[PDB]
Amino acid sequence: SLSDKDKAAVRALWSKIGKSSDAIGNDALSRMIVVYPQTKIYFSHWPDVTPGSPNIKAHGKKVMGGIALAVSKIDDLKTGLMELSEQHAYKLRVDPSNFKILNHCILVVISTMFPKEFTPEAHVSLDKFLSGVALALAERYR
């Protein structure tokens, strides 16, 4: 679980990078689909599922919006993300191994954009937070 120190480092980081969250979400989602092709089946209903794609761009905005929600609900992730856990883990039955993949790609994308701010200290807390997200999303499976 996160410490008040972890919470503060996530808020301060998000404070620094959240301006570019639209580009972060597009980029992180593009990379998950290219580097981890097994994930493309969840978006097979879109006409264009390649990095340029208008659909990836619109949906990455939405995913970074869910992260922004987890940041503001950082003290109770389980309740804050219950609607989203319902959607993924109940309806779409997204296989949870895939949440670690998207989380990895978000870290790569932040590293790519904010190398100076993405220090190892910021990385431990962002990594605990992102695993808290994955865990909150996995709540409704069973």
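Quick note: we count residues from 1 along the sequence shown, nothing fancier. Each form is matched to the other, and the largest set of C-alpha atoms that superpose within 1.5 Å is called the rigid core.
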query: Which stretch is more displaced from the shown form in 6 other deposited structures of this protein, 90 to 98 or 34 to 42, with RMS over structures and residues of Cα positions after a rigid core fit?
result: 90 to 98
query: Hey, after superposing on the core, which one moves around more in 6 other deposited structures of this protein, 102 to 110 or 48 to 56, CA-wise?
result: 48 to 56
task: Check the entry's C-alpha temperature factors for 103 to 111 and 35 to 43, then say which stretch has the higher mean.
output: 35 to 43
- prompt: Which of the two stretches, 45 to 53 or 66 to 74, shows the higher mean Cα temperature factor in the record?
  reply: 45 to 53
query: Which third of the chain holds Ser20 when residues are ordered by C-alpha B factor: lowest, middle or highest?
result: highest
field: Cα B factor band for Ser30 (lowest, middle or highest third within the chain)
entry: lowest
